[PDB]
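This report concerns only the one structure given below.
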Amino acid sequence: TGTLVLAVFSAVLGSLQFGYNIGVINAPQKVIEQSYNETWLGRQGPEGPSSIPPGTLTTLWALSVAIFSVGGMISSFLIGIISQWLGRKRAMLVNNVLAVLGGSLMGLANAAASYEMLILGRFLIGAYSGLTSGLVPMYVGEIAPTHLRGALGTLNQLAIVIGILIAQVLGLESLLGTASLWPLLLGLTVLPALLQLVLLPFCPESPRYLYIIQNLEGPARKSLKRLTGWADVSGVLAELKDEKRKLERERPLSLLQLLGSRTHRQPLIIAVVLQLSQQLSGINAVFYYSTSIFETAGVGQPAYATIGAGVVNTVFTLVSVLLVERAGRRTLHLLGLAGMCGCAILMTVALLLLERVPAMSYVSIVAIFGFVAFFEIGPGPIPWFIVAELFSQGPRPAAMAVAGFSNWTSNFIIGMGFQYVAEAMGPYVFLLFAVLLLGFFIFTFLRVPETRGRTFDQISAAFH
Ligand SMILES: C=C1[C@@H](C)[C@H]2[C@H](Cc3ccccc3)NC(=O)[C@]23OC(=O)/C=C\[C@H](O)CCC[C@@H](C)C/C=C/[C@H]3[C@@H]1O
Ligand SMILES: *[C@@H]1O[C@H](CO)[C@@H](O[C@@H]2O[C@H](CO)[C@@H](O)[C@H](O)[C@H]2NC(C)=O)[C@H](O)[C@H]1NC(C)=O
């Protein structure tokens with residue numbers, strides 16, 4: 001099993017970088033912004049009014065995050081062609097080259113006295129994150145033996161949340177996240193990638209790609225032998241043959257082909273809306289700007305509350321992994337949406353009443369965890385389960401891509417928008433989220449079927 005654990009470790013490193021890049025931006029905000037101010041003057045010089053105008057600074061920061069999201073969008077398109085063209089191991093190695101480039105670009109920003117470098121590096125690391133999110137679950141699913149798929153599936157989510165937590169604690173004022181060393185955080189994401197790059201070459205090649213696509217059996221047999229370790233792997237390749245037959249009897253549809261098939265619409269729309277509900281809920285607000293929200297809410301020390309949100313996210317990630325096994329899909333999503341809406345109407349009230357009762361900050365504090373809590377129960381994992389079980393074997397891949405694209409695009413909006421909205425609306429920002437959640441809830445409650453313990457067969461009938 002040694003090769004198995006090593007390969008799963010490499011995949012987990014990929015997911016860990018992905019999570020770290022998701023969450024590293026939150027803590028150093030009030031330091032990176034001051035650095036931006038510093039460079040923008042260094043540039044202007046004699047005319048400078050002794051301060052970067054707030055509009056430009058807000059725009060640059062919102063760009064610094066929305067560009068991660070844009071790299072994700074661009075990543076959603078390619079996830080397929082390269083996977084079939086180069087494979088999985090080679091794909092992760094090249095994609096790690098991209099990761100190293102992006103991390104170096106982000107790290108060398110301040111020394112270069114320019115912030116365009118940081119934004120470009122964030123674009124590169126967004127492409128990294130999208131590619132690894134696409135390629136890691138696939139690889140672990142290929143290598144995973146017949147009966148450990150369920151155990152390893154939750155690893156791709158445990159790793160992401162743990163990475164968010166690590167980046168969330170590695171940004172304290174005393175820790176790396178200070179004026180002189182902040183680039184180290186944005187540079188730390190170079191180190192694990194290098195490690196992966198120096199570990200993967202020893203790791204095996206996913207048998208399914210090797211046999212199904214490149215139609216070599218001998219190397220597939222060798223990879224299987226070094227993966228599971230049995231003397232003979234006749235049974236697993238015999239099983240591979242039947243799914244080869246199934247794939248050749250159902251050629252996956254093309255993206256424009258899939259969008260052009262009237263039969264697949266009602267499923268498709270469902271998927272897309274779910275992703276919006278997962279994204280336009282407003283969780284990425286809590287993942288990116290939670291330090292600023294807490295500081296606005298009057299919290300005593302926003303950074304500690306930020307790590308608190310991270311740890312609650314992790315705890316209820318594990319709880320959801322325990323739950324989804326024995327609860328359902330539709331019910332979990334409705335519960336999560338309803339919980340997030342009331343929790344955000346609490347937070348709105350807490351902000352609105354902060355002046356009158358100073359202790360309300362604690363309320364706000366707890367509210368956010370509740371928010372995060374509920375997100376990890378219903379809409380965190382579930383939309384992906386619904387999408388996966390909604391579509392047949394053939395048209396699943398293309399559909400996935402579209403969902404991913406939507407999941408990224410919505411993200412961009414929130415990632416790019418929140419700050420402006422935060423300034424325009426006031427305390428009521430989360431109230432907007434509540435309305436959106438309420439909307440989605442109603443739609444879900446009356447439109448999405450129940451996929452757990454159901455045949456694609458019946459589901460199709462349910463849509464009819
Ligand atoms: C808040 C977010 C972060 C925190 C995660 C969040 C938690 C999660 C992670 C992993 C699986 C299921 C749920 N729920 C997510 O959906 C999450 O992560 C992913 O989707 C990651 C990989 C997927 O297997 C393929 C899609 C990967 C991308 C196409 C979409 C990524 C979504 C992010 C999301 O931005
Ligand atoms: C941007 O940089 C300038 C200069 O470093 C900051 O100006 C200092 O700001 C503090 C607090 O506002 C004042 O007490 C100092 O007198 C200012 N020094 C100078 C030389 O002007 C400015 O505040 C910064 N603004 C932002 C938004 O970062």
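Note on naming: chains are A, B, ... as they come in the structure tokens, residues start from 1 per chain, ligands start from 1 in the order shown.
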
- Step one, run DSSP on the backbone; step two, keep only residues of segment 5-146 of chain A assigned to alpha helix (DSSP H); then write them as a count of residues only. 113

- Item | Shell around residue 265 of chain A at 12 Å using only C-alpha atoms, local window under 3 positions removed, as number ranges by chain | A: 257-262, 268-272, 390-391, 395, 399, 460, 463

- Name the closest residue to residue 89 of chain A among the candidates A:360, A:323, A:199, A:212; distances are taken between atoms, counting only C-alpha atoms. A:199

- Message: Taking only C-alpha atoms and all ligand atoms and a cut-off of 12 Å, can you tell me which residues surround ligand 2, written as an MDAnalysis selection string?
- Response: chainID A and resid 29:42 45 48:58

Atoms to include: N, CA, C and O atoms. Write the selected residues as an mmCIF file, in the first residue's frame.
```cif
data_model
loop_
_atom_site.group_PDB
_atom_site.id
_atom_site.type_symbol
_atom_site.label_atom_id
_atom_site.label_comp_id
_atom_site.auth_asym_id
_atom_site.auth_seq_id
_atom_site.Cartn_x
_atom_site.Cartn_y
_atom_site.Cartn_z
ATOM 1 N N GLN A 29 -4.786 41.520 4.875
ATOM 2 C CA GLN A 29 -5.438 42.572 4.100
ATOM 3 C C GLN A 29 -4.969 43.954 4.537
ATOM 4 O O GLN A 29 -4.561 44.775 3.708
ATOM 5 N N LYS A 30 -5.004 44.224 5.840
ATOM 6 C CA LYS A 30 -4.688 45.554 6.340
ATOM 7 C C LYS A 30 -3.207 45.884 6.254
ATOM 8 O O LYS A 30 -2.830 47.023 6.545
ATOM 9 N N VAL A 31 -2.365 44.923 5.887
ATOM 10 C CA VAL A 31 -0.948 45.167 5.658
ATOM 11 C C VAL A 31 -0.642 45.293 4.172
ATOM 12 O O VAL A 31 0.098 46.185 3.752
ATOM 13 N N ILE A 32 -1.211 44.399 3.366
ATOM 14 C CA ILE A 32 -1.037 44.487 1.923
ATOM 15 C C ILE A 32 -1.591 45.805 1.405
ATOM 16 O O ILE A 32 -1.016 46.418 0.501
ATOM 17 N N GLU A 33 -2.722 46.256 1.947
ATOM 18 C CA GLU A 33 -3.279 47.527 1.492
ATOM 19 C C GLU A 33 -2.336 48.683 1.793
ATOM 20 O O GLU A 33 -2.144 49.576 0.958
ATOM 21 N N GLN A 34 -1.738 48.693 2.982
ATOM 22 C CA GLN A 34 -0.785 49.749 3.298
ATOM 23 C C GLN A 34 0.408 49.683 2.359
ATOM 24 O O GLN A 34 0.927 50.717 1.925
ATOM 25 N N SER A 35 0.852 48.473 2.018
ATOM 26 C CA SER A 35 1.947 48.351 1.059
ATOM 27 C C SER A 35 1.555 48.907 -0.306
ATOM 28 O O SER A 35 2.365 49.561 -0.977
ATOM 29 N N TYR A 36 0.328 48.630 -0.753
ATOM 30 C CA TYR A 36 -0.141 49.195 -2.016
ATOM 31 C C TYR A 36 -0.069 50.710 -1.973
ATOM 32 O O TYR A 36 0.425 51.354 -2.905
ATOM 33 N N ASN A 37 -0.581 51.292 -0.894
ATOM 34 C CA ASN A 37 -0.499 52.732 -0.692
ATOM 35 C C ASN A 37 0.940 53.210 -0.830
ATOM 36 O O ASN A 37 1.223 54.213 -1.500
ATOM 37 N N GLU A 38 1.867 52.481 -0.209
ATOM 38 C CA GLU A 38 3.273 52.871 -0.236
ATOM 39 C C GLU A 38 3.816 52.899 -1.660
ATOM 40 O O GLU A 38 4.446 53.879 -2.080
ATOM 41 N N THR A 39 3.586 51.827 -2.419
ATOM 42 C CA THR A 39 4.085 51.811 -3.791
ATOM 43 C C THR A 39 3.418 52.893 -4.625
ATOM 44 O O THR A 39 4.044 53.460 -5.528
ATOM 45 N N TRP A 40 2.123 53.120 -4.450
ATOM 46 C CA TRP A 40 1.417 54.050 -5.364
ATOM 47 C C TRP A 40 1.952 55.420 -5.143
ATOM 48 O O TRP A 40 1.767 56.259 -5.974
ATOM 49 N N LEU A 41 2.573 55.632 -4.033
ATOM 50 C CA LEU A 41 3.067 56.999 -3.935
ATOM 51 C C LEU A 41 4.436 56.925 -4.554
ATOM 52 O O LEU A 41 4.799 57.785 -5.347
ATOM 53 N N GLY A 42 5.153 55.884 -4.178
ATOM 54 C CA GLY A 42 6.541 55.775 -4.647
ATOM 55 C C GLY A 42 6.525 56.063 -6.104
ATOM 56 O O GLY A 42 7.486 56.616 -6.623
ATOM 57 N N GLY A 45 4.918 60.451 -6.776
ATOM 58 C CA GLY A 45 5.965 61.382 -6.428
ATOM 59 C C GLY A 45 5.453 62.777 -6.119
ATOM 60 O O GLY A 45 4.585 62.964 -5.261
ATOM 61 N N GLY A 48 1.700 63.521 -5.731
ATOM 62 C CA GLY A 48 0.969 62.696 -4.798
ATOM 63 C C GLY A 48 0.330 63.490 -3.675
ATOM 64 O O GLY A 48 0.949 64.388 -3.096
ATOM 65 N N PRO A 49 -0.931 63.185 -3.345
ATOM 66 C CA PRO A 49 -1.596 63.919 -2.263
ATOM 67 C C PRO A 49 -1.292 63.343 -0.891
ATOM 68 O O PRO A 49 -1.992 63.638 0.082
ATOM 69 N N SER A 50 -0.253 62.514 -0.802
ATOM 70 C CA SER A 50 0.154 61.864 0.438
ATOM 71 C C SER A 50 -0.802 60.757 0.849
ATOM 72 O O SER A 50 -0.852 60.387 2.024
ATOM 73 N N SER A 51 -1.576 60.224 -0.091
ATOM 74 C CA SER A 51 -2.467 59.114 0.207
ATOM 75 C C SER A 51 -3.026 58.573 -1.096
ATOM 76 O O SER A 51 -3.443 59.347 -1.958
ATOM 77 N N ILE A 52 -3.031 57.258 -1.232
ATOM 78 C CA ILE A 52 -3.702 56.654 -2.386
ATOM 79 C C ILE A 52 -5.204 56.870 -2.241
ATOM 80 O O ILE A 52 -5.761 56.574 -1.170
ATOM 81 N N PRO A 53 -5.901 57.394 -3.247
ATOM 82 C CA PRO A 53 -7.347 57.595 -3.109
ATOM 83 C C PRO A 53 -8.044 56.278 -2.823
ATOM 84 O O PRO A 53 -7.759 55.266 -3.478
ATOM 85 N N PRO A 54 -8.976 56.249 -1.868
ATOM 86 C CA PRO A 54 -9.534 54.954 -1.450
ATOM 87 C C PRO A 54 -10.141 54.154 -2.584
ATOM 88 O O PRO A 54 -10.081 52.918 -2.553
ATOM 89 N N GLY A 55 -10.737 54.811 -3.577
ATOM 90 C CA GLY A 55 -11.369 54.072 -4.658
ATOM 91 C C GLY A 55 -10.390 53.180 -5.395
ATOM 92 O O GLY A 55 -10.667 52.004 -5.649
ATOM 93 N N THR A 56 -9.224 53.726 -5.739
ATOM 94 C CA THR A 56 -8.229 52.934 -6.450
ATOM 95 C C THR A 56 -7.758 51.760 -5.606
ATOM 96 O O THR A 56 -7.579 50.652 -6.120
ATOM 97 N N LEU A 57 -7.544 51.981 -4.309
ATOM 98 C CA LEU A 57 -7.060 50.912 -3.443
ATOM 99 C C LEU A 57 -8.086 49.793 -3.326
ATOM 100 O O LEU A 57 -7.749 48.604 -3.422
ATOM 101 N N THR A 58 -9.352 50.157 -3.117
ATOM 102 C CA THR A 58 -10.401 49.149 -3.053
ATOM 103 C C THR A 58 -10.490 48.382 -4.360
ATOM 104 O O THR A 58 -10.643 47.154 -4.361
#
```

At most 6 Å is the cut-off: for each residue in chain A with any atom that close to an atom of ligand 1, write down the nearest atom pair and the distance in Å rounded to one decimal, counting only C-alpha atoms and all ligand atoms, chain first then increasing number, as a Markdown table.
```
| residue | atom | partner | partner_atom_place_in_ligand_line | distance |
| --- | --- | --- | --- | --- |
| A:133 | CA | ligand 1 | 22 (C) | 4.8 |
| A:134 | CA | ligand 1 | 25 (C) | 6.0 |
| A:156 | CA | ligand 1 | 10 (C) | 5.6 |
| A:157 | CA | ligand 1 | 10 (C) | 3.9 |
| A:284 | CA | ligand 1 | 1 (C) | 5.9 |
| A:380 | CA | ligand 1 | 14 (N) | 4.5 |
| A:381 | CA | ligand 1 | 13 (C) | 4.2 |
| A:404 | CA | ligand 1 | 29 (C) | 3.8 |
| A:407 | CA | ligand 1 | 30 (C) | 5.6 |
```
